[PDB]
Structures are given as structure tokens and as C-alpha cells.
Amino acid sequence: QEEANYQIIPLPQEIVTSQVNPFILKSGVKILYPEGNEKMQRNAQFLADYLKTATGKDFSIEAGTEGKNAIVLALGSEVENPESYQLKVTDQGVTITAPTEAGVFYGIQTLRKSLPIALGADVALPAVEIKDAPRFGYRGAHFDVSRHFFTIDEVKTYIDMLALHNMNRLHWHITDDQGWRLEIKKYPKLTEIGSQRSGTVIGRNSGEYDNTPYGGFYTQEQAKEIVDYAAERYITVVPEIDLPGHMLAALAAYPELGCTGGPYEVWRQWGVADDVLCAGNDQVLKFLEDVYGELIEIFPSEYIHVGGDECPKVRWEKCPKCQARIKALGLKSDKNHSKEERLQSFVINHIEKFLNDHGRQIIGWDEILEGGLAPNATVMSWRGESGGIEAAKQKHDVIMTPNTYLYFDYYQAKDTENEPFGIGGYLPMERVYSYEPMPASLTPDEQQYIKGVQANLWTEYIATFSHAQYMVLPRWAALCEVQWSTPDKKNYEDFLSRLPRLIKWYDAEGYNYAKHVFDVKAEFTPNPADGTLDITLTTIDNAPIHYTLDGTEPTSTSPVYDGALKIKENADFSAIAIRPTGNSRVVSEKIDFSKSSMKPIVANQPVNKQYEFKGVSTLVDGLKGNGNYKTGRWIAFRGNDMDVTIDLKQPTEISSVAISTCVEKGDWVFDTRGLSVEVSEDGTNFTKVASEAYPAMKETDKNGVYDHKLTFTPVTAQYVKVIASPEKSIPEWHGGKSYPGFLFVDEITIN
């Protein structure tokens, strides 16, 4: 028999539990909703759908206030927070009570996420009282459907994914330079021409082009379908028709809207286009009024996103019409703004006034601060937090989407080679979760202007919905705890222990996701005291870890990890986590163990401060490095030799010393010019037993790892001094001729 678990994502405010019998969830149980409430009937059908993917069973939906062996949805308690709820469980029944139908829905999402996926099985719901409410009223995700186009069905899946994470906003970015995606009745060419490009660039603007005509748009009926589908799941769809930049698709369709007058093409490549709407053209203002006039008939959202990001002023500076507008308005350059930044403020003010007259407010990207903020504008801070902080100080509402924390087109792993191709950056789960949306630099009163938190998905490098899921799951799980949970409840270790129960729902709903959190985490800790390299292995779900030391594939039949592996000998280490769902990536490490490994070592000359890492002890930990000299497997020397003494602890017969170096000549990192081995009985007086000089490197020599080994007549020694020269004088062919080069070394092996 299965048991429910209320330790879910996002973590509720208040969870109690008692020593009373649980509620058994078997065939016969009913869901009750208030007579004649369409939303609460839809809430009941949602619970039934969820209970059907969790248990294998159907549960009847019926009108009612009262029932034995029943789950009762009802309205009640305070309206302080409209999205709050109360989930009480006894052996007799289940109550989900909220001040609105949306609060009942988030109460239902909590019951949903508490359940395991166990087909054919009855489930025990332990006796509990859950009081919960979101911290932020605006909890959103953005979706770029211009750069690559996504179908109605894919956008609905995105909306189902929002609901599972208690998010109440879809920011729908439906126009840009590379495609216009909404049918407009007055301007048919916005879709006939504006929705089509000749092809798409390959890689990061590489000059190679995929000459496949690419396009797609939504009809006004299809866009209404999305509004309605989102509205059932208590999600407001905030549309963005980005202006006055990111408008090449509109210019291709109607070139008179641009400063030069064309020619313009729908853009095949990525980045920022200089060709923007002409602020000096009365046709452009009429055009925006007409487009936004049609937009607000489709999208009832009180808030409408006008964009305002990355609008270069270069065309405006040279345009006689834009300069005539500037002259007539008396716009001036001062320390706060250029004339052309004041001209942008005029455009944002014009569309705000039109939308305020039709009962709507505007959101803009933090660039709308340029030339003075529109008096009623909400600011979406994306260029870090600083735009939001300045907006809050001017008493304007802020939605935080900082690219330092919440740009989910960025890589979510350091090892970008093994990731799907992306724009760049590094936003791992831990970084996303560490985000505190309320800046420490704002006064309490200024903090009330932080209304929302949202993560953006730009799709320059996202062509499939499966890859879009990979990029947002499970990073949305971290985001939604930030959006929802109180800041004092946040603990990263605890969140990661809750994540696997949410991934089970990703699996059951057929959602793709990144699997980095499921990896075996390996720590290699030197133990000088014991003369061992201690390997510790962990998973977030504490799944069974199987390992090999002999270089064979680790399987379900290999030895099981029981506690620290104390390595005292050569080893091809490999470990894997065994999971019903599918096995983890294999974590592996070559352990090069010798007479030097975990022995005391001293620097006789200085280690380079910049590339010191864990220090000289790095050269006797049994670990080797690769071509990348920045990992901490390598320590560097510059302006003096690697000159170290290793204490073998007692007199010992030795016959060889081996090192590796890391070469990157472009970075002034060169191979050693000579290696030497001296021995002592007393630790003061050393005698040379072997050496070799290496010639200066030539232009055609490879970068990467070089191996250097000296053999010699067996000799008895307690102390071994190993000396390696860097390049004191970089050779003539190289730009740094005569300057000293870096030397990087990873390990001193002695046998």
C-alpha cells in the first residue's frame, strides 16, 4: 500500500500532521463541488484527471457540500490573499477551502503533488492541516515563439507545465525580427510577409544558412483558444508586441514604417537589428494604435507588454523625420538622457496613454527607463536587478526577470560540450534557487513595489518543444519555490530531497527534463593520516550506488556503495545510480596511486598565487588533469621552478619519477624546459640521481597534456626533491618573446 507525502514543491507555509488514522483513497470515493459553479466543476474534473494518472482509477464528480468518504472543494476563509487555500484531512474526509476558485486549484495541485504514481494501488493520505498562500501575486514564465515557432498544442503543454508549478502568468512574446505570429485584420501583410524568413542561420551567426523557408502564425481565434485554455487553469496570458525595436518582420511587411524606407527582410540570424520603427512617422503611431486596438480585443489581461528592449538609436540620429520630432518637442541631450532616448520615452508614453484610455496598464523591459519612465509603467528588470531597483525607488511596480538568475535559454551545466547547443551563460539549479527577489539595497517600503518573479525562454537555439522542456524543467521547480515559498523556509539540501517526487509527475505527464540533479556526486578527499584517497558518493534521492575499481562497466550486480571508499592502490573508478526509471550517467576517475601519494610535501620555491588552488598537496592526491588547466587538477609556476620535497616517511628504494604538464601556448602556458630528481636521508642535503633538458617549444608543437618520466638506477631515499623549470624566456616566434611563461603540473608519480 502507498502513502501520500506533503513535502512537495513549492513548500507550503504551514504543515501540521496528527496521530489520527489516515484517509484511504480507493474505489467508492467521490469529489464534491458547490451547485452550479462552472469553475469549481472544472476544478473537480482536474482533480479526477490527476487522480487517474496517479492511481489507475476513476472517481465520480457530483454537486454537494457534505459527504462520507468524499473530497469536498468549497469557498471560504479570508480574502487577504486570493490564491491562499486550506487542505484538512481526517479518516472521515478531505476538505480543500479557498477564498477563490484559483486558490482551490492550487490546493488541488498540492493534493496532486503529494500522491505517488502507483497504478492499481489504494493510497493513504496522512491526517494533516495545510495553510498555504503565494508570496508574490505575479508568478510567470515568458515564451519566445518568434525566433522558433511553436504550435497551439505545444503552448497548451507549456500552460499545463505552469499550472503544475502554481504559476499564474504566461508572458507570450509573439513578434520579433525573425517572425510576426499574430494575424492582424487591418494589416494582412504582417502574417502574409512578416511570418516568413528565407531560412535560419546555423550556430551563433556562423555564415552557414539553413535555406529552409520557415514560418507560422496564430489566427485571432487560435490566440483566443490559448487565452481560454490558460483561463481554466487560472493563468493570465500577458501578450508582448515588442516596440519600437525588434520590429523587422513589420518593416519587411510595411517598409514605410522604417526610417530608410527599406529594403527590409524578415531576419534569418540572431541579435539586435538597427532597423526599427520610425518615431518621426505619424503612420507608425497610427499603426501601433491599430495593432494594440486589435490585441486587447483578443487578450483581456489588464497588463499588456510593449517591450522597449534593445532599440538602437543609430537610425533615429540620421533620420530627418525623427530629428524633426525631437526639434518640435524641444528634446535635449543632458547627463540623464540623449535626445534619441527622450524620443523613445515619447513612443512608450504614446502607447501607454492609448492603453490607459482603453483600461489597460503597460509592462516594459528596463530600457523604458531611458528618457524618463512613462508615469503608470511597470518595469520588467532583465539586465540584472539594477533597472528594477531604480524603478522601485521611483515608486513604479517591478517584475524581476534578471538574466543573472532567470534566463533559462542559458546552459544549466558547466560541461557545455555534452549539453544541447545554446546561447551560452551558466544558470544551474543551485543559482536559480539562491535568488532572493527582494533586493537587500531597498527599504521595506520600496520592496512592496516588487510584484512579480518570472523566468524567460528565448528560442534562438530551441527548435523542438522537447528541448524547450529540457531548458525549463526542473529549473521551473526552483523558480516556483522562489515565487511562492516564504524566504525563511528556503534550504537547498531540503528542496533537492523533495525534487524527485515532482520528477515522477514530469514522467507521468510525458514532460522531458534535464537529469543533472540525478547524477552521482563524487568527492575525492586526501587522507594523509591513513595514506588513502577517500571517495564519497551521493544522490539527491539516496538511490543505490554500484561501483567498480577494475575498469569494467558498473551494473546492478557490481559492489554496492556502503560508505567512503579508502583507495590505497591504482584504480579505474566507476560508479552508477540504479533507478527503475533509468540508470544515471557513470561518474569515473583514474586513480594514479604511487609511493608519493598522500605523503607530506613542501614548496621549496613559491606556487603561483593566481593558479595555487588547493596548493602543493595537489601533486600527490593520485588525481591527474586534462587539457583544461583551470579545473584545480593543475597548479602553476611562473618566474621560478616547481621545486618540491616529498617525505616518503622511511628509507625507500625508488627507480622512476613521472609528471604531466598542461600546454596552452596562446595563453603563454608552455611545457617544462628541464626535470630533475634529487634524494636525501636527512631532509637538508640533496644529491641529483637523474635529469633531462627539453628544447624550447616550436610554433607547430601541440597544446594539451605532455608526459615526462625519468628512470634511474634504484636508489634508497627518505626525501625526494623534484624540480621542473618553466620557460624563463618565451621563444622568438611567439608574441610574448623574452617574457616568462607559466608551467602547470598535476601529479608527481614515484615508484
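Start at 1 and count along the sequence shown; that's the residue number.
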Per the PDB entry, mean CA B-factor is higher for 257 to 265 or 541 to 549, namely for 541 to 549
The stretch whose C-alpha atoms carry the larger average B-factor in the entry, 574 to 582 or 137 to 145, is 574 to 582
Per the deposited entry, the peak Cα B-factor within the set 725, 713, 703, 27 goes to 27
Top Cα B-factor in this entry, restricted to 166, 92, 323, 345, sits on 92
Among the modelled residues of its chain, the C-alpha B-factor of residue 197 falls in the third labelled lowest
Residue 750: CA temperature factor from the record, placed by chain third, in the middle
Of the three thirds of the chain ranked by Cα temperature factor, residue 454 occupies the lowest
Assert third(CA B-factor, residue 396) within chain per record equals middle
Sorting the chain's modelled residues by C-alpha B-factor and splitting them into thirds places residue 315 in the lowest
